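Novice: Residue numbers (the entry's author numbering), protein chains in the order written: chain C, 1070 to 1091; chain A, 440 to 444, 461 to 487, 505 to 668, 716 to 788, 791 to 930, 950 to 1028, 1037 to 1091; chain B, 800 to 930, 950 to 979.
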Amino acid sequence: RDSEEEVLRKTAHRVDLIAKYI
Amino acid sequence: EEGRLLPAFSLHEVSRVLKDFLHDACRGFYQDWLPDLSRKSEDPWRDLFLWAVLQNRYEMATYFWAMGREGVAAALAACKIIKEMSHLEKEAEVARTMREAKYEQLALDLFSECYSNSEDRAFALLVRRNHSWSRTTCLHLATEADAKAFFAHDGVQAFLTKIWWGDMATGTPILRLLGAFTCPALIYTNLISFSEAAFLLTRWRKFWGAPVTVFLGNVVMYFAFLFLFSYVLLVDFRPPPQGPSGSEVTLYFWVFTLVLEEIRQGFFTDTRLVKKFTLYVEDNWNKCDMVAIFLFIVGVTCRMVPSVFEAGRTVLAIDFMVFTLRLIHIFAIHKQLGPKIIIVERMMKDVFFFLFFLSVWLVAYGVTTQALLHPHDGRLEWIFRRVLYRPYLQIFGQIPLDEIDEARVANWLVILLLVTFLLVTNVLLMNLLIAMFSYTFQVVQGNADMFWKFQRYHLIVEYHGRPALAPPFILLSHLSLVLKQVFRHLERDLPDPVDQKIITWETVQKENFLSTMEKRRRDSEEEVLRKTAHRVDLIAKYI
Amino acid sequence: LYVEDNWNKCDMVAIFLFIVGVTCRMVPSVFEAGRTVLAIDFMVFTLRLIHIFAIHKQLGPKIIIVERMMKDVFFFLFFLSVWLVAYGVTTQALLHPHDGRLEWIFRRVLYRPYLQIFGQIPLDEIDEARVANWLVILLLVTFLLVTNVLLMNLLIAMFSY
Ligand SMILES: [Ca+2]
Ligand SMILES: [Ca+2]
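1. Would you kindly report the start and end of the unbroken alpha helix (DSSP H) that includes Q891 (chain A)?
2. Across the region 523 to 540 of chain A and the region 585 to 596 of chain A, are there enough close Cβ pairs to call them in contact, namely three or more that are closer than 8 angstroms?
3. Take residue 1035 (chain A) and list the residues in its own chain whose beta-carbon comes closer than 8 angstroms to its own, dropping the five residues that flank it on each side.
4. Tell me whether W903 (chain A) sits in a helix, a strand or coil according to DSSP, three-state version.
5. Determine the burial state of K993 (chain A): buried for a count of at least 16 other Cβ atoms within 10 Å of its Cβ, exposed for fewer.
6. Of the choices A:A853, A:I818, A:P827, whose alpha-carbon is the least far from that of residue 1093 (chain A)?
7. Any chance the CB of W806 (chain B) is under 7 angstroms from a heavy atom of ligand 2?
8. Between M868 (chain B) and chain A, is the shortest Cβ-Cβ distance under 8 angstroms, so that the two count as touching?
9. Here's the rule: buried if 16 or more other CB atoms are within 10 angstroms of the residue's CB, otherwise exposed. What is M976 (chain A)?
10. Since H625 (chain A) and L580 (chain A) are thought to touch, with beta carbons under 8 angstroms apart, how far apart are those beta carbons, to the nearest angstrom?
11. Report the rounded CA-to-CA distance for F666 (chain A) versus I854 (chain A), giving the unit in angstroms.
12. Between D810 (chain A) and ligand 1, is the CB less than 7 angstroms from at least one heavy atom?
13. Does DSSP put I1091 (chain C) in a helix, a strand or coil?
14. Find the residues of chain B that neighbour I854 (chain A), judging by a C-beta separation of less than 8 angstroms, and give them in chain order.
15. Counting contacts by CB-CB distance shorter than 8 angstroms, is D1071 (chain A) in contact with chain C?
16. At a CB distance below 7 angstroms, what residues from the region 882 to 901 of chain B approach chain A? Give them in sequence order.
17. Quick one: is the Cβ of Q784 (chain A) within less than 7 angstroms of any heavy atom of ligand 1?
18. Out of A:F623, A:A549, A:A567, point me to the one whose CA is closest to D989 (chain A)'s CA.
19. Using three-state DSSP, classify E1002 (chain A) as helix, strand or coil.
20. Beta-carbon of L973 (chain B) versus every beta-carbon of chain A: anything under 8 angstroms?
21. Indicate whether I1087 (chain A) and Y1090 (chain C) have their beta-carbon atoms separated by less than 8 angstroms.
22. I want to verify the contact list: residues of chain A whose CB lies under 9 angstroms from the CB of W903 (chain B), in sequence order.
23. Under 9 angstroms between beta-carbons, which chain A residues line up against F874 (chain B)? List them in chain order, please.
24. Hey, out of A:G859, A:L858, A:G899, A:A950, whose CA is closest to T889 (chain A)'s CA?
25. If the cut is a Cβ gap below 9 angstroms, which residues of chain B does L649 (chain A) touch?
26. Find the nearest neighbour of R847 (chain A) within the set A:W806, A:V795, A:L962, A:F718, judged by alpha-carbon distance.
27. Count the other CB atoms, across all protein chains shown, that sit within 10 Å of the CB of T661 (chain A); report buried if there are 16 or more and exposed otherwise.
28. Is there at least one non-hydrogen atom of ligand 1 closer than 7 angstroms to the beta-carbon of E781 (chain A)?
29. Out of curiosity, what's the CA-to-CA distance linking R824 (chain A) and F815 (chain A)?
30. Contact between the region 537 to 545 of chain A and the region 1050 to 1058 of chain A: three or more CB pairs below 8 angstroms?
31. May I have the straight-line CA-CA distance separating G833 (chain B) from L969 (chain B), to the nearest angstrom?
32. So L745 (chain A) packs on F844 (chain A), CB below 8 angstroms; how close in whole Å?
33. Relative to the C-alpha of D479 (chain A), which residue among A:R1069, A:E780, A:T609 is closest?
34. Would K856 (chain A) be called buried (16 or more neighbouring beta carbons within 10 Å of its own) or exposed?
35. In three-state terms, what does DSSP make of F787 (chain A)?
36. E585 (chain A) and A621 (chain A) - do their beta-carbons sit closer together than 8 angstroms?
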């Protein structure tokens, strides 16, 4: 869960969702 | 339970076990068999730190150390205690974590920080008497802890060097030093900077008090003694009734002076005599010196007994070898030479392994070959001589085919076996020596290089304790010291005011160090990422 | 500037040797010694030749490597002498306790370690059966092991480094 890669991917996904919503 | 000769133990047992772990540093703890409980302890933080480090709880021990004064002394005794409680660990798995305590790292990290600013204060810190740990200096505590990595620090070496030159220029050409040493007139002039008829006497004392000068003097005197002994052994040796001479007497008196100096070095440098004797046994060089003087004493008996004229002489010859080996110790000081001696000393597997590897093949080969060549030999000693000489001589080009080759007085088998030997031992010896030498070397590149520094420190302290007079002249300094005692440096510490400022300054340094460590922790890429992710998640949930 | 370089100094030593040697033709009696000086001068010039090699891409780095390795001379001269002189003293003490010549003892004690390395072992003067043995064998084994591993190895670790 704490793989830097996993953190990055989750972050990117959330940013994209926030962007599409906003 | 042994002292008898909810749990039953009390603070008395804690004090006793702390004494068992550290003799001089912390013996007095909880003297006043217990004290009134109503009384608060004189210094709490140290007690809590000890309690933490005993129960083997790191991340609390660090915290207790943080808000405790006089820290660089603590974080070293703590390493001593944990490293000690390794042979006392019942379970191996646990024994590993505590063996990974690395408390010493705090000592190094703090010492570096304080060394960075105001070094003239750092040295004062390094050898100040310690108020809490039963008034012992940091260096003694490092010795007892056997923290080599601490000695490896640059500040330690700088301080050691400052002591090494007495009161003189730190750096001075070796040739300029030799010139200042050989001719006292050059001393009066300012060949090299000198730290600050009476003026001439003080300059003379400043020159002869510096350790390096005593070192060189002992060197040259030892050379002198070795040469006189060699001359006596070479030509003076003569039949016991009419064989010793005045020169032999002078040599014997010289040896008496040497052994007296060694006893002084061993015993009068240490509460009990057994303790000092153990300290003396500790080092190897002291033991070699003991073997040397024992050999000399037993050899001296030769002059007394006519018949044993030759054997005792041989003993003396061996004693010469012994002294020649003694000479090696001197080399430790030099930056280049030392590491080589460290490397060759570390490589001690070769003796055992190779003695086996050579013997198992040589003895069997000799038995088989002597079985082939001459099946009728009735002499055990002659067979011993032959079977010893053959492998001893075949390596160095001495191959007597006049006794092995029927055409020159089974051959091809002997040739095949000798080829197998000269190949497998060849590749096997130098190669193993060398892989291990590199690795042993490489091991030495780190750990034995640290030892070299360790060895340097030991030598420095040893020469500091010596008086100016040489081995043959010690007969006056030891006598004068004994007379003064019968008639009647590092240890020195400051006053309340002066010291307190130092303590406070060190405290501030420790605080700055910790704040810096925290700041560096703040900028970890991991920390930035985590904070970013948290903020994004919060923003997402809110939006 | 001229003193700076080493090769200039070697050239100076060479011409000094030649100048002093040329005096041989003048003095009849010193006919041989000056000739020997000239012989040494030849060695000097032969060493001078090495400088030339610097240009070549391959050769040069080898000369650089051998020149950088100057610890060996001092360390090994000590390491050989300390053992050789003591060994010779002890062995000559054992074999012949009555030697009255300093120069003869010098010749013997010099020749023995100089020749034992290269297969010249005159047992006719060391072995009573061929005119204390086992001690000499043990010491020679200890030497031929510790100097062997110690020399090439140290040369080589340092050579690599
Ligand atoms: Ca000693
Ligand atoms: Ca030129």
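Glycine included, every Cβ here is placed at the ideal spot set by N, Cα and C.
Specialist: Quick look at the numbers:
1. Here residue 891 (chain A) is taken as the residue at index 370 of the second sequence, counted from 1. In the DSSP assignment, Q891 (chain A) falls within the alpha helix (DSSP H) that extends over 870 to 894.
2. Output reads no: the region 585 to 596 of chain A does not touch the region 523 to 540 of chain A.
3. This structure gives no coordinates for residue 1035 (chain A). The numbering of chain A moves from 1028 immediately to 1037.
4. Residue numbering aside, residue 903 (chain A) sits at position 382 when the second sequence is read from its first letter. Residue state, collapsed to three classes: helix.
5. As a first step, residue 993 (chain A) is located in the second sequence; it is residue number 453 there, counting from the start. Classification of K993 (chain A): buried, given that the 10 Å Cβ count is 16 or more.
6. For residue 1093 (chain A) there is no data in the structure shown, the boundaries of chain A being 440 and 1091.
7. As a working note, residue 806 (chain B) is residue 7 in the third sequence. Yes; taking the cut-off as 7 angstroms, the Cβ of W806 (chain B) has a heavy atom of ligand 2 nearer than that.
8. In the third sequence, counting from the first residue as 1, residue 868 (chain B) sits at position 69. Answer no: the Cβ-Cβ gap between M868 (chain B) and chain A never drops below 8 angstroms.
9. Within the second sequence, residue 976 (chain A) is the residue found at index 436, counting from 1. The C-beta of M976 (chain A) has 16 or more other C-beta atoms within 10 Å across all chains shown, which makes the residue buried.
10. In the second sequence, counting from the first residue as 1, residue 625 (chain A) sits at position 153. In the second sequence, counting from the first residue as 1, residue 580 (chain A) sits at position 108. The Cβ separation is near 6 angstroms, so the contact holds.
11. Locating residue 666 (chain A) in the second sequence gives position 194, where the first residue counts as 1. Locating residue 854 (chain A) in the second sequence gives position 333, where the first residue counts as 1. Computed Cα separation, rounded: 23 angstroms.
12. To locate residue 810 (chain A), count along the second sequence from 1; it is residue 289. Short note on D810 (chain A): C-beta closer than 7 angstroms to some heavy atom of ligand 1.
13. One-based indexing of the first sequence puts residue 1091 (chain C) at position 22. Per DSSP, reduced to three states, the secondary structure at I1091 (chain C) is coil, with no helix or strand assignment.
14. The sequence position of residue 854 (chain A) within the second sequence is 333, counting from 1. Under a criterion of Cβ atoms nearer than 8 angstroms, no residue of chain B is adjacent to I854 (chain A); the nearest Cβ is some 14 angstroms distant.
15. The residue you call residue 1071 (chain A) lines up with position 523 of the second sequence. No, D1071 (chain A) does not count as interfacial toward chain C.
16. So the close ones are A885, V888, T889, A892, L893, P896.
17. As a first step, residue 784 (chain A) must be located in the second sequence, where it is residue number 265. Judged by the Cβ position, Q784 (chain A) qualifies as a neighbour of ligand 1 at the 7 angstroms threshold, a heavy atom of the ligand being closer than this.
18. Within the second sequence, residue 989 (chain A) is the residue found at index 449, counting from 1. Residue A:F623 is the option with its Cα nearest to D989 (chain A).
19. The count along the second sequence starts at 1 and reaches residue 1002 (chain A) at position 462. In the three-state reduction of the DSSP assignment, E1002 (chain A) falls in the helix class.
20. For this step, residue 973 (chain B) is matched to residue 155 along the third sequence. Not an interface residue.
21. In the second sequence, the residue the question calls residue 1087 (chain A) occupies position 539. In the first sequence, the residue the question calls residue 1090 (chain C) occupies position 21. For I1087 (chain A) and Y1090 (chain C), no; Cβs fall outside 8 angstroms.
22. Looking up residue 903 (chain B) in the third sequence gives position 104. Per Cβ cutoff of 9 angstroms: no residues; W903 (chain B) is ~13 angstroms from chain A at best.
23. In the third sequence, residue 874 (chain B) corresponds to position 75, counting from 1. Those within 9 angstroms of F874 (chain B) in chain A are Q857, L858, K861.
24. If you number the second sequence from 1, residue 889 (chain A) lands on position 368. Of the listed residues, the one whose Cα sits closest to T889 (chain A) is A:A950.
25. Along the second sequence, one-based indexing puts residue 649 (chain A) at 177. Correct list: empty, because the minimum Cβ distance to chain B is about 18 angstroms.
26. Residue numbering aside, residue 847 (chain A) sits at position 326 when the second sequence is read from its first letter. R847 (chain A) has its Cα closest to that of A:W806, out of A:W806, A:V795, A:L962, A:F718.
27. Looking up residue 661 (chain A) in the second sequence gives position 189. Its Cβ having fewer than 16 others within 10 Å, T661 (chain A) is exposed.
28. Your numbering for residue 781 (chain A) matches position 262 in the second sequence. Yes, ligand 1 has a heavy atom inside 7 angstroms of this Cβ.
29. As a working note, residue 824 (chain A) is residue 303 in the second sequence. As a working note, residue 815 (chain A) is residue 294 in the second sequence. Those two C-alpha atoms are separated by around 16 angstroms.
30. Per the Cβ contact rule, the region 537 to 545 of chain A is in contact with the region 1050 to 1058 of chain A (3 or more Cβ pairs under 8 angstroms).
31. Within the third sequence, the letter at position 34 stands for residue 833 (chain B). Within the third sequence, the letter at position 151 stands for residue 969 (chain B). A straight-line Cα-Cα distance of about 37 angstroms links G833 (chain B) and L969 (chain B).
32. Here the question's residue 745 (chain A) lines up with position 226 in the second sequence. Here the question's residue 844 (chain A) lines up with position 323 in the second sequence. With a Cβ gap of about 6 angstroms, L745 (chain A) and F844 (chain A) count as contacting.
33. In the second sequence, the residue the question calls residue 479 (chain A) occupies position 24. Among A:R1069, A:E780, A:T609, the Cα nearest to that of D479 (chain A) is on A:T609.
34. One-based indexing of the second sequence puts residue 856 (chain A) at position 335. Here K856 (chain A) is exposed: its Cβ has fewer than 16 other Cβ atoms, across all protein chains shown, within 10 Å.
35. Stepping through the second sequence from its first residue, residue 787 (chain A) is reached at position 268. Note: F787 (chain A) maps to coil in three-state DSSP.
36. Residue numbering aside, residue 621 (chain A) sits at position 149 when the second sequence is read from its first letter. Residue numbering aside, residue 585 (chain A) sits at position 113 when the second sequence is read from its first letter. Not a contact, by the Cβ cut-off of 8 angstroms.
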